[PDB]
Structures are given as C-alpha cells and as structure tokens.
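Novice: The structure is given below, and queries will be raised subsequently.
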Ligand SMILES: Cc1nc(-c2ccccn2)nc(N[C@H](Cc2ccccc2)C(N)=O)c1Cl
Ligand SMILES: [Co+2]
Ligand SMILES: [Co+2]
Ligand SMILES: [Co+2]
Ligand SMILES: [K+]
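Residue numbers (my numbering): 24 to 327.
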C-alpha cells in the first residue's frame, strides 16, 4: 500500500477495552462480526421514523451526554497526547455516564471513537501516534443510552496551526451551520448538499462524496441518507419529529477518498487535509433543535 500523505498507523493497538456488563449494550456489541441485525433488517428502506415524545426525551439525554464526552476529548488536545489516550478517556467518560461507546465493535471497529488527523477524512483508528504541533484532528463521538444513540464531532487544532488549517476548519464549520439553518419541515434532504457545496466551493474546497449524514435514534445509522454534495439524489422530505445528522467532510484538495489496508481509515487520495463537523438534529415546527449543541459556550472548541 502506498500512503497518500505523511500519516502512518502506529501499532500495536491496545487490546479491546471492555465495557462493564451493567451498561446496556446495542445489538451489534456481542455479534462476532459486529453486525447490527436491527439495522440490517431495514437495509435498502428509505422510510424515516417519526419519533415519539419518549424517543425525543431519550435522544435529548444521550445527545447531551455525547456532548459532555466530546468536551472531555477536546480538553485533551495538545502536542504529545496519543489518539489512543484520547480514546481511553472517551471510553471511561462514556462508562461514567452509563453509556456504551457506539463505535466499539460496530462492524468490528476496534475503538470507542474515531480520531481523524490531517488527511484522514473519517474513521481514523486511535493508535500510538502522538499529536504534533500544527496537526488538525477530528474526534467523532457516539454514545448509546437506554436504546438511543447520540452522535457529534468537531475538528480541533493541536497547538498553533497554519492559515490553511484555520481556513479549512472555519469553512467546514460554516458549511455545517448553513445546512442546519435550512432545516425545517417541508425541506428536501437533498437540498442540504447544495448549500454545503456552494460554501465549500466558494472557499476553494471540495466535498467528500463517499460518506454522508444519516438518521440516528434506536439505530446508529439509518434512513435518511444525507449527502453533503450538490445535485444528489437523496430520498425524503423533512418532517417534525425526524432525527438525523449533518456531518460534512471538506477537503483542501480534491474530494476523492480511499481506504487504508485497516479497512476503516478513509484518507484523501491526494494527501491534503480534510476537516469535519457534526451535529445530531431534531426537526421541529420552527426549524430544528441541535441536540448535540453546547449548553454553556457559544462557539465550537477551535474558536475557544
Ligand atoms: C457515517 C457512518 N459511519 C460508520 C462508522 C462505522 C464504524 C465506526 C464509526 N462510524 N458506519 C456507517 N455505516 C455502516 C457502513 C459503513 C462502514 C464503514 C464506512 C462507511 C459505511 C453501516 N451502516 O453499517 C456510516 Cl453511514
Ligand atoms: Co462513522
Ligand atoms: Co459521528
Ligand atoms: Co454521524
Ligand atoms: K482530518
């Protein structure tokens, strides 16, 4: 395998981290290949769940807890800290909140969160690599509590970063927020990609095509599929009670991705940097509720 940039995996990985048995587990947690039978039963269906009041309360809770866990990771971002060390702290923070870390054993994914440095678009596997001054790193968190999953991510700066990194991260965040601002009942899911690509393109960046936002509730990933690029064929119209993510991945160079031999790490084919931000959203009569928002601070971590 020819690596596309400077990043390499840093092995060995620590043995899988156990989750105490008192924490409620999703179906895939104990499947030998980490398959989710509840999800697979709906594979190829485009119908979107309308959440009940109980569902909404469940989503508010797990999304708030997921935010707390992302904030834990954010506080650890500094030169010399390994992504494995971030993952260990995330794992413990989930357990402390009586939550299962959703990525863990999801289709045999080996860790409790995804850490995506520089040219890694998404699904980076926490490993022994110390973060370096100038790096950008995304941490993508998902928690499972009482049958519900809550999902968010932010890109962080490691020490002082260059102008390109600042512009990339800022633009990606703006892309997410412009998309969120358009969410309300009656809007087609396919419209969000038009909004995101317009803003990315205006700043000389490209939009990843192979990975999309998704419905999330009792399932980790389900209908609708939410592409982030323009003129896509996403099926569905937003209705009050829909819960889904928007999670644009934006690139300095071209949009093309490839996967490392580990089967997970998605990287830019040109080795240039990529950034991502993500919220879980509930559609309401007036627009949407950002379930994974900060409650105590106005801005994402890269601005604070
Ligand atoms: C956004 C997303 N992420 C994952 C993933 C898997 C492991 C850890 C973190 N995230 N999986 C997703 N979908 C998978 C399929 C998949 C797997 C790997 C990359 C893309 C899609 C599914 N529905 O079973 C999807 Cl749609
Ligand atoms: Co994912
Ligand atoms: Co996520
Ligand atoms: Co997501
Ligand atoms: K990245």
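We put the beta carbon where it would ideally sit given N, CA and C, even for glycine.
1) Reducing DSSP to helix, strand and coil, say where residue 70 ends up.
2) What does a CB cutoff of less than 8 Å around residue 292 pick up in its chain, not counting 5 residues either side in sequence?
3) For residue 186, count neighbouring Cβ atoms within 10 angstroms of its own Cβ and tell me buried if that reaches 16, exposed if not.
4) Grab me the residues of residue 62's own chain with a C-beta within less than 6 Å of its C-beta, minus the 5 sequence neighbours each way, in chain order.
5) Quick one: using the 10 Å Cβ neighbour count with 16 as the cut-off for buried, is residue 169 buried or exposed?
6) Whose CB is closer than 6 Å to a heavy atom of ligand 4? List the residues in chain order.
7) Compute the beta-carbon to beta-carbon distance between residue 195 and residue 271, rounded to the nearest angstrom, for a pair I have assumed lies under 8 Å.
8) Excluding the 5 residues preceding and the 5 following residue 83 in the sequence, name in chain order all residues of the same chain whose CB lies nearer than 7 Å to its CB.
9) If you measure between the beta carbons of residue 171 and residue 81, is that distance less than 7 Å?
10) As a quick exercise: from 176, 158 and 123, pick the residue whose alpha carbon is nearest that of residue 137.
11) Three-state secondary structure (DSSP) at residue 237?
12) So, residue 354 versus residue 110, is the Cβ gap smaller than 7 Å?
13) Leaving out the 5 sequence neighbours to the left and right, which residues in its chain are closer than 6 Å to residue 188 when beta-carbon positions are compared?
14) In terms of alpha-carbon separation, which member of 125, 148, 72 and 88 lies closest to residue 105?
15) Are there 16 or more other CB atoms within 10 angstroms of the CB of residue 55, so buried, or fewer, so exposed?
16) Starting from residue 302, trace the beta strand (DSSP E) both ways and give me its first and last residue.
17) If contact is defined by three or more beta carbon pairs under 8 Å, each pair taking one atom from either stretch, is the segment 120 to 134 in contact with the segment 205 to 215?
18) Using CA coordinates, which residue listed in 40, 64, 140 and 73 is at the minimum distance from residue 262?
19) Closer than 6 Å to a non-hydrogen atom of ligand 5 - does that hold for the CB of residue 139?
20) Are residue 44 and residue 51 close, meaning C-beta to C-beta below 7 Å?
21) Rounded to whole angstroms, how far is the Cβ of residue 269 from the Cβ of residue 203, which I believe are closer than 8 Å?
22) In this structure, how does DSSP classify residue 171 when only helix, strand and coil are distinguished?
23) Compute the distance between the beta-carbons of residue 32 and residue 174, then report whether it is under 7 Å.
24) Which residues does DSSP list as the beta-bridge partners of residue 272?
25) Nearest-angstrom Cα distance between residue 180 and residue 99?
26) Would residue 247 and residue 235 be called neighbours here (beta carbons separated by less than 7 Å)?
27) Would you report the Cα separation of residue 302 and residue 38, rounded to the nearest angstrom?
28) Which partner residues of residue 123 appear in the DSSP bridge assignment?
29) Using only the alpha-carbon positions, how far apart do residue 117 and residue 218 sit?
Specialist: According to the structure data:
1) Translated into positions along the chain shown, residue 70 becomes position 47. Note: residue 70 maps to coil in three-state DSSP.
2) Taking the first residue of the chain shown as 1, we reach residue 292 at position 269. If the five residues before and after residue 292 are omitted, its C-beta is found closer than 8 Å to the C-beta atoms of 27, 277, 279, 280 and 281, all from its own chain and listed in chain order.
3) Position 163 of the chain shown holds residue 186. Classification of residue 186: exposed, given that the 10 Å Cβ count is below 16.
4) For the purposes of this step, residue 62 is identified with residue 39 of the chain shown, where counting begins at 1. 242.
5) In the chain shown, counting from the first residue as 1, residue 169 sits at position 146. Result: exposed.
6) 174, 237, 268, 270 and 301
7) Taking the first residue of the chain shown as 1, we reach residue 195 at position 172. Taking the first residue of the chain shown as 1, we reach residue 271 at position 248. The pair is a contact, with the Cβ atoms about 6 Å apart (cut-off 8 Å).
8) The residue labelled residue 83 in the question sits at position 60 within the chain shown. If we look at residue 83 and ignore the five residues flanking it on each side, its Cβ neighbours are 314.
9) Indexing the chain shown from 1 puts residue 171 at position 148. Indexing the chain shown from 1 puts residue 81 at position 58. In this structure, residue 81 lies closer than 7 Å to residue 171 by Cβ.
10) Here residue 137 is taken as the residue at index 114 of the chain shown, counted from 1. For residue 137, the nearest C-alpha among the options comes from 176.
11) Taking the first residue of the chain shown as 1, we reach residue 237 at position 214. Residue 237: strand per DSSP, three-state reduction.
12) Given a span of 24 to 327 for the chain in the structure shown, any question on residue 354 remains unanswerable.
13) In the chain shown, residue 188 corresponds to position 165, counting from 1. Counting only Cβ-Cβ distances below 6 Å, and skipping sequence neighbours, we find 159.
14) Looking up residue 105 in the chain shown gives position 82. Comparing Cα positions, the closest option is 148.
15) Residue 55 sits at position 32 when you count from the first residue of the chain shown. Exposed, by the Cβ-count rule.
16) Position 279 of the chain shown, counting from 1, holds the residue named residue 302. For residue 302, the enclosing beta strand (DSSP E) begins and ends at 302 to 307.
17) no
18) Your numbering for residue 262 matches position 239 in the chain shown. Looking at the Cα atoms, 73 is the closest of the given residues.
19) Here residue 139 refers to the residue found at position 116 of the chain shown. Flag set: Cβ of residue 139 near ligand 5.
20) As a first step, residue 44 is located in the chain shown; it is residue number 21 there, counting from the start. As a first step, residue 51 is located in the chain shown; it is residue number 28 there, counting from the start. No, they are not a contact pair.
21) Residue 269 sits at position 246 when you count from the first residue of the chain shown. Residue 203 sits at position 180 when you count from the first residue of the chain shown. The C-beta distance from residue 269 to residue 203 rounds to 6 Å, short enough to fall under 8 Å.
22) Numbered from 1 along the chain shown, position 148 holds the residue referred to as residue 171. Strand, per DSSP.
23) What you label residue 32 is simply residue 9 of the chain shown in a count that begins at 1. What you label residue 174 is simply residue 151 of the chain shown in a count that begins at 1. No; because the gap between Cβ atoms is not below 7 Å, this pair is not in contact.
24) Taking the chain shown and counting its residues from 1, the one referred to as residue 272 is at position 249. According to DSSP, which records beta bridges pairwise, residue 272 is partnered with 299.
25) On the chain shown, residue 180 is found 157 positions in, with the first residue counted as 1. On the chain shown, residue 99 is found 76 positions in, with the first residue counted as 1. Near 11 Å, if we compare the C-alpha coordinates of residue 99 and residue 180.
26) Here residue 247 refers to the residue found at position 224 of the chain shown. Here residue 235 refers to the residue found at position 212 of the chain shown. Cβ distance not < 7 Å, so residue 247 and residue 235 don't count as in contact.
27) Here residue 302 refers to the residue found at position 279 when the chain shown is read from its first residue. Here residue 38 refers to the residue found at position 15 when the chain shown is read from its first residue. When rounded, the distance between both Cα atoms is 30 Å.
28) What you label residue 123 is simply residue 100 of the chain shown in a count that begins at 1. Answer is 167.
29) One-based indexing of the chain shown puts residue 117 at position 94. One-based indexing of the chain shown puts residue 218 at position 195. Cα to Cα, residue 117 sits roughly 34 Å from residue 218.
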